[PDB]
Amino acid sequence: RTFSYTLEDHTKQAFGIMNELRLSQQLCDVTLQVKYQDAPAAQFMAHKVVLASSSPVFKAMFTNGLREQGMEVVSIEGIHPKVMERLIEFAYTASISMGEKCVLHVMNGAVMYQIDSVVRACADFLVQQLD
């Protein structure tokens, strides 16, 4: 009677395309302007719904009961553009890479945007460096 089916890696497939659309700057509805001290400013286009799905801070930031028209620019301060890139990548790919020296700055970014899995990851790594 009730025929049901589930594609295992659909979400991984869909995020692949959603990442392709980001790199192609198609359907993006938010531009993240990152300005950090002495580093040059950098823009990052993305989809609010995707960022919200990976960061409770973005979710609350975009869920204001309003269908904002067209593009919305968000001014981000206190984080290095390099770091914001890795976090966006993680949101669209569920993965993140970096050098040992920037792990701490990524942890700060993960905390600032409450991306727990990244926080816990950098936490356990830093503890392993000890001794």
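Whichever C-alpha set is largest while still superposing within 1.5 Å between the two forms counts as the rigid core. Each residue number is its position in the shown sequence, starting from 1.
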field: Which of 66 to 74 and 53 to 61 strays further in 5 other deposited structures of this protein - Cα RMS after rigid core alignment
entry: 66 to 74
- request: Please work out which of 82 to 90 and 99 to 107 has the higher mean CA B-factor as recorded in the PDB entry.
  value: 99 to 107
- prompt: Do the C-alpha atoms of 59 to 67 or of 73 to 81 have the higher average B factor in the entry?
  reply: 59 to 67
message: Among the choices 39, 28, 32, 50, identify the one whose CA B-factor in the record is greatest.
response: 39
